[PDB]
Structures are given as C-alpha cells and as structure tokens.
C-alpha cells in the first residue's frame, strides 16, 4: 500500500480548453531498474477500463495526441491539451512499482457546454401492466444541459409527492447532454380514480415551465 | 487481436463462494500475467492478485490472502478466480486484466452477495403517441420492471438500433426490486413502417425477453 492520492476529484471543462490531473504517491515509483511503473486508466461509465498511458509517458496503441503523460518522483500528472466530448469519464493512475498495486481515487471529467433545453415526452401505462394491478406513468426529458432539472407530477391538477422515482443518465459522449426519466407508479384502483395526468418541467433552458399531459380516457 | 471474455453476472448467498471465469484469446495465454481487480460500487478499484499461467505462480494482496484462490487452464486459455466466505460487502464488479500492468481488460462480472431471491423482469412497452412526438421525432422505449439482482441488458432490434438510445441507470423500489427504462428517438414519420423491439437480457436468471413496441392512439 503505497497510497495513491489523486486531484482534483471532479473537473468540468469547456470543449477544446486544456485540462490537467495530478497523482502523488508516498514513495518513489522509480524502480532500482531504470524504470518507473505508473499508468493512467480511463473508465467510461459502466464500461471497462482502458489503459491510456503506461510507464509514465509512453502512450498506447490507438490513443489521441492531446493525451500526454509526464511528471516523476511522486508528483505525476496527466494532461489533455484539447479536452473533447469523447474524453468524458473517470481517470485513474495506478502504481506498479511496489506491492500491492494501488490506484488513485479517480478524477471525474465533465464537459461544460452551452445551455440546452430538454424535449419532454410522456407515456401512459400499457394495458398489460394494468392487468398486473399496477400503473407506471413515465415522463422523459431528453438531451438537455445543464443536469439540474425540476420535474413534478400533477394528477387532476393536484401536485404529487412520494409516488415517483427519477434516474439521470451519464453525460452523452457526443453532444455532452443528459437525459432524465421520472416515473409515477400507482395502483390500478388509484390510476382509475383520476382523469388527467401531467408532467411539469422546469429547466434553465426553458423561458417558461413545460407541461405534458394526457386524459386517461382519450388515450 | 487480444480478447478477454468473462462469465456473466450472478447472485450468491452470503457465506457461499463463487467462481468467475475469464477466457483469453489472441495471444500467448501462458506467457503473460493475469490480474484480477475489484471495483467497489462508486468507490475506486482494488488489486486482488495475479497468476502466471506458465508455471502457475500466484500473488495475492493481504486482504484476499485467504478469501480468493486463482487458477488457470492452459488447454482452454481460461483464468479462474474463486472467492470464499462471501459477505454482503463483497458485492462488486470483478475484472481480469492481461499483463503485469493491466494492458487489456475483460468486460467485468458483477457478483451480488445476497440472500434475496433472484427474479426475472417484466417488460412493458412505452408506446409512441402524439404525447411522445416532438417536432418531427418520436420517442418510444421499454419499461423493464421488478427484477433482482442487477444487471439487465437492453438492446434494440438485436443490436441494429443503437443511434439515439438511452438506457437509464436502475432505480431501487420499496419492494427491494429494481426498475429501469430504455428509450429511443426515431422519425415520427416511420412509425407506420419501421419495427421496434427491445431485447432484454437478465443473465442472473437466464431470462431473455423481446417486446414489440407499437404506436398507441393518444
């Protein structure tokens, strides 16, 4: 356990701008042999790691030029001259000079882009789910930025609480946007006691709130 | 080229043990180290150990000193990892990596330690309608609900449809079961002639489901 300290822990940058990450151990990663074993790994969300730079500076087959490795002693740093959408993910440095191997806590790189309002979609329950006795109404916010978004459920114009769950995606690797889903789940009985179901969306990219709704009947 | 295919996700009851395989191909399996790393959900990675298929030499980190045992099978170019006395804290994604410095990684295997019963998902269509059709594009998807444990895989039209697809991280319901959605955006003008099917795969229960998503009057 040589202790691997990584910094910063999070870092948002705008496309093209340069970015740097640091990694400081607790003892020379320089082996008696004329080599220092320290690598940099890039991990996309939910995907498997990919080695970017090994032996401190040597790149790796099929890896952009904007990625450079340097530093030494116990103060190594990764540097991206022109960060790009594709570079989103978590970066880690690994020491293989001592024993056992240890990794840094990682550095989450986010891309700062221009504000983008979400497109809002609503989905009524499928007849098959109703048979099972439960009913899920889904509201979708698609390709937006920044991440902060406020969605609220209203049934027959009566604001709701305690009956919905939301989940937000990772930052898109192409447009750097996010998507979010809010799901209102209630019993069939309750779903049948009301008429209008509406999703209300509030986001920095919207001049005025957006409401998508539907009548249980006409649908 | 170099490949590393690991066995699928599985559930194991506390106290039990599990064996994860890692098929190698595209190089000299016997003349190269094979590492096993662990990824704690949301918090960094942990080196577990290595094995040199050549002479079967193995190294372990103090922690998994007696909890993990690494083996290899030259005739099959497969590296195995057994984990005993599994505890709830042992739930994590386990990867295998080629070379002393992890030059190549397997896709990873999520092992969930839990005494909870395994359960395949229910798949409900999120039908396209005027309520899901913005300026020229329509959104549609699948609601994969009530399954345990994670993960579940989603593909559209057997992998042929990947453009504009969003598969959201799962949410944990009160029932202790998981739920998630997968959506896609297509031309609204194509709903009358194109066919959309979500392929849902839940390996922990060898469950596979295909649901056809058709438009709905709304």
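None of the figures in this text is laboratory data; all of them are computed from the coordinates on show. Using ideal geometry, Cβ is built from the backbone for each residue, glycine included, and neighbour counts are taken over all protein chains shown.
Name the residues of the stretch A:130-166 whose amide N is less than 17 Å from a point 7 angstrom out from the Cα of residue A:195 along the C-beta direction?
Backbone N within reach: A:154-159.
Evaluate E = 1/(1 + (r/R0)^6) for residue A:110 and residue A:57, where r is the Cβ-Cβ distance and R0 equals 22 Å; express this FRET efficiency to the nearest 0.05. Each step should come with its number before you reach the end.
Numbers: r = 26 Å, r/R0 = 1.18.
The value I calculate is 0.25.
If the chain between residue B:19 and residue B:117 were fully stretched, how many nm would it gain, using 0.36 nm times the residue separation less the Cα-Cα distance?
On the way: separation 98, 0.36 × 98 = 35.28 nm, distance 1.95 nm.
Here the segment from residue B:19 to residue B:117 would lengthen by 33.3 nm.
What distance in nm separates the two pseudo spin-label positions at residue A:130 and residue A:159, each 7 Å out from Cα along the beta-carbon direction?
3.0 nm
Can you sort A:98, A:194, B:202, B:166 from fewest to most other Cβ atoms within 10 Å of each residue's own Cβ? Walk me through the numbers on the way to the answer.
Numbers: A:98 17, A:194 13, B:202 25, B:166 21.
Fewest-to-most ranking of A:98, A:194, B:202, B:166: A:194, A:98, B:166, B:202.
Over all directions, how big on average is the projection of the convex hull of the alpha-carbon atoms in the stretch B:23-82, in square nanometres? Let's see the in-between values first.
Details: hull surface 18.3 nm².
Taking the Cα atoms of the stretch B:23-82, their convex hull projects to 4.6 nm² on average.
Could you tell me, in Å, what Rg and Dmax come out for the Cα atoms of chain B?
Computed over the Cα atoms of chain B, radius of gyration and Dmax are 20.8, 67 Å.
Answer rounded, prolate or oblate for the stretch B:97-218, using the Cα gyration tensor with square roots of eigenvalues a ≥ b ≥ c: rounded when a/c is under 1.5, else prolate when a/b is larger than b/c, else oblate.
Working: a/c = 2.58, a/b = 1.56, b/c = 1.66.
The shape class here is oblate.
Run the simple label-point estimate for residue A:85 and residue B:165 please: 7 Å along Cα→C-beta, distance reported in nm.
1.9 nm
Multiply the residue separation of residue B:157 and residue B:65 by 0.36 nm, subtract the distance between their alpha-carbon atoms, and state the gained length in nm to one decimal.
Values: separation 92, 0.36 × 92 = 33.12 nm, distance 4.53 nm.
Result: 28.6 nm gained on full extension.
Sorting B:152, A:155 on the 10 Å Cβ count, fewest up front, what's the list? Mind dumping the intermediate values first?
Values: B:152 26, A:155 21.
With the sparsest Cβ surroundings first, the list reads A:155, B:152.
Given Cα positions, please report Rg to Rh for the protein assembly as shown, the hydrodynamic radius being the Kirkwood one.
Numbers: Rg = 24.1 Å, Rh = 23.9 Å.
My calculation of the ratio gives 1.01.
Please list, by residue number, everything in the stretch A:56-88 whose backbone N is under 20 Å from a paramagnetic label point 7 Å out along Cα→Cβ of residue A:14.
Under 20 Å, as judged by backbone N against the label point of residue A:14, lie A:80-88 of the stretch A:56-88.
Answer rounded, prolate or oblate for chain A, using the Cα gyration tensor with square roots of eigenvalues a ≥ b ≥ c: rounded when a/c is under 1.5, else prolate when a/b is larger than b/c, else oblate.
Numbers: a/c = 3.71, a/b = 2.60, b/c = 1.43.
Prolate shape, in that a/c is at least 1.5 and a/b is the bigger ratio.
Between residue A:1 and residue A:170, what is the label-to-label distance in nm when each label sits 7 Å out along the Cα-to-Cβ direction?
Using points 7 Å along Cα→Cβ, the separation is 2.9 nm.
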